[PDB]
Each structure stands twice: as structure tokens, then as C-alpha cells.
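Visitor: Provided herewith is a single structure, encoded as C-alpha cells, for subsequent inquiry.
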Amino acid sequence: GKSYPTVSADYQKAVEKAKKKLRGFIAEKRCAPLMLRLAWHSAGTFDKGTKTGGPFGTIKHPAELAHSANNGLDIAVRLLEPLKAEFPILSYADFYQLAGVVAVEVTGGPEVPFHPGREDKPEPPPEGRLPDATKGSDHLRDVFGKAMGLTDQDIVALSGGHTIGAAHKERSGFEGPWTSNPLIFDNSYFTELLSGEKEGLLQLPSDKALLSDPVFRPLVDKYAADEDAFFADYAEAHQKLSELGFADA
Ligand code: HEM
């Protein structure tokens with residue numbers, strides 16, 4: 001259902017050059033998980049019924065950074081500011097989604113297609129649209145489905161983003177990585193979810209909700225057994241996420 005806007009040749013040149021600069025920067029700084037979180041929290045505020053929120057540059061606004069769900073993302077915004085300044089033609093909206101795409105790639109994940117043209121919008125969405133880690137499947141559907149308009153498949157695949165990074169007790173309150181290899185994008189999130197709780201690794205209640213839901217559980221099993229299928233479905237879902245409200249939406 002997408003009709004992507006035309007952008008100028010100079011805009012597309014900058015996308016390509018920014019993509020390369022983002023790879024080097026993100027790899028050097030070891031901040032891929034944080035940049036994935038920044039892109040996801042940028043996009044995940046989209047409400048389909050009102051066409052508000054979504055990936056339109058607003059996460060850099062102090063008002064949106066102050067949302068509790070976004071604790072720590074001010075670090076991400078600050079980290080990208082010097083690089084962004086080298087690409088004045090790009091929207092913040094695009095830059096942050098591109099950083100998200102690059103974060104998945106440089107940690108060994110799928111190549112998520114990227115289309116430019118998101119405009120930076122003036123008003124951040126209201127607080128409280130991002131998911132609550134202590135809730136379960138009904139909540140996940142309200143947030144990903146009723147609000148964002150993503151599918152049950154997308155929910156499970158996107159939960160797989162936890163294959164990189166960690167929680168921090170000073171940000172969410174939760175603490176530690178989901179996997180033994182938190183800078184490697186692979187299907188290990190699902191493998192760990194199936195094996196039970198191993199000391200040192202994190203499982204949120206929202207992760208565990210995938211195991212007991214009749215639609216989510218077969219997807220967890222599929223992804224744990226078939227990393228290729230995970231990568232395919234992940235790439236589809238991340239593209240959709242990154243394009244909520246954009247290019248028809
Ligand atoms: C399904 C509902 C979700 C819940 C409840 C949730 C919740 C959380 C929480 C509580 C944290 C820890 C923040 C911190 O303390 O530093 C976190 C981190 C993270 N989340 Fe999720 N998340 C969800 C979905 C997603 C999605 C869809 C993605 C991207 C596809 C994602 C990517 C990440 C990443 C990469 C981190 C690690 C950040 C870092 O290492 O600094 N999450 N999430």
C-alpha cells in the first residue's frame with residue numbers, strides 16, 4: 001500500500017553517503033542496539049486511526065525524550081547529532097530510521113529496504129503509546145495491532161530485535177542482555193526464550209507472553225528453528241515499522 005515520494009538526486013546521494021558513515025560510526029561506538037531502539041521508539045508511537053505519531057523526527061524534541069519509555073535515548077540523539085550535521089539535506093525522520101536499518105545490518109542482520117522522504121513534523125505524539133514490558137499478549141495487540149496496524153507475525157518478529165542489546169536498571173529498571181551475544185543479530189532471542197531462564201540473561205514479561213499465546217508461539221518456534229525465516233519476516237516487519245504513516249499510512 002505504499003507510494004514513496006520522489007526525492008532529488010542530491011537527497012539520494014546523501015542517503016547513500018549517510019548510510020556508509022552510519023555503519024562506521026555505529027560499529028565503532030558499539031551503539032547499534034541503542035540506535036535500533038531509537039528508530040523503534042520513533043516509529044512505534046504511530047496511531048493508525050488518527051494518523052498521529054510515527055517516524056517523523058519528533059523523538060529529538062526534549063518533550064518526547066522526556067517520556068519515561070525513552071529513558072536513555074537522549075544519549076542516542078546526542079551521539080548522532082555531529083553526523084546528522086554532515087547531512088543537512090536529510091530529514092531527522094529519515095536519518096533516525098536509516099540509523100535503525102544500519103544498526104541491524106552492521107550487527108549481521110538482514111538488509112531492511114529503505115525508502116527516503118519522511119518529513120520532520122512539529123508535534124510529538126502524546127506519551128504512553130509504547131508497550132509496557134510487564135504486560136502480555138492482549139497489550140501487545142492493542143499497541144502493535146490496534147494502534148500501529150502491524151500483524152501478529154510482525155509482533156513476534158520485531159520482538160526479535162531484543163537479539164541485540166540489553167536493559168539497564170537506570171533506564172527501564174530491567175537489567176542485562178537477552179542473549180550471550182548482544183552485538184550479534186541472530187535468532188538467539190528465540191532460542192533463549194524456548195530454553196528457559198538461564199542465569200545472566202533477561203526475559204521481560206512481554207517476551208514471555210509470546211510463549212503462551214496460541215498465535216505467537218508457533219512463530220517463536222519457527223524463528224528458533226529457522227533463522228532465515230526469522231530474517232525474512234524481521235526485514236518485512238522492520239520495513240513496515242519504519243514506514244508507519246509514511247508513503248500511505
Ligand atoms: C514487544 C514489545 C517491547 C517491549 C515491552 C520492549 C521493552 C524494552 C525494554 C524494557 C528495554 C530496556 C531499555 C533499557 O532499560 O535500556 C528494551 C530495550 C531494547 N529494545 Fe525493546 N521492547 C519491545 C519491542 C522492541 C522492538 C519492536 C524492538 C526493535 C525491533 C526493540 C528493540 C530493543 C533493543 C535493541 C533494546 C536494547 C537497547 C540497548 O541495548 O540500549 N524492542 N526494550
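Ordering of the C-alpha cells sets the chain letters (A, B, ...); residue numbers start at 1 within each chain; ligands are numbered from 1 in the order shown.
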Residues at most 12 Å from residue A:90, counting only C-alpha atoms, excluding those fewer than 5 positions away in the same chain, as a list in words?
Guide: residues 7, 8, 10, 11, 12, 13, 14, 15, 16, 17, 18, 19, 56, 57, 83, 84, 85, 95, 96, 97, 98, 116, 117, 118, 119 and 120 of chain A
Visitor: Compile the contact shell of residue A:248 as a ChimeraX atom specification: residues with an atom at most 9 Å away, counting only C-alpha atoms, same-chain residues fewer than 3 positions apart removed.
Guide: /A:1-4,243-245
Visitor: If you run DSSP over the backbone, which residues in stretch 43-243 of chain A end up helix (DSSP H, G or I)? Put them as a count of residues only.
Guide: 104
Visitor: Kindly compile the residues surrounding ligand 1 within 8 Å, counting only C-alpha atoms and all ligand atoms, and format them as a PyMOL selection string.
Guide: chain A and resi 31-37+39-40+44+69+71-72+130-135+140+155-175+177+182+204-207+238
Visitor: Among stretch 1-235 of chain A, which residues carry a DSSP assignment of strand (DSSP E), reported as a list in words?
Guide: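 Residues meeting the strand (DSSP E) criterion: residues 166, 167, 176 and 177 of chain A.
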Visitor: With only C-alpha atoms as the counted atoms, please give the residues lying no more than 12 Å from residue A:82, apart from itself and same-chain residues fewer than 4 positions off, as a PyMOL selection string.
Guide: chain A and resi 18+21-22+25+76-78+86-88
Visitor: If you measure from atom CA of residue A:200 to atom CA of residue A:185, what distance in Å do you get, rounded to one decimal?
Guide: 18.5 Å
Visitor: Might you pull out every residue within 12 Å of residue A:199, with only C-alpha atoms counted and same-chain residues fewer than 5 positions away left off, and present them as an NGL selection string?
Guide: :A and (176-180 or 192)
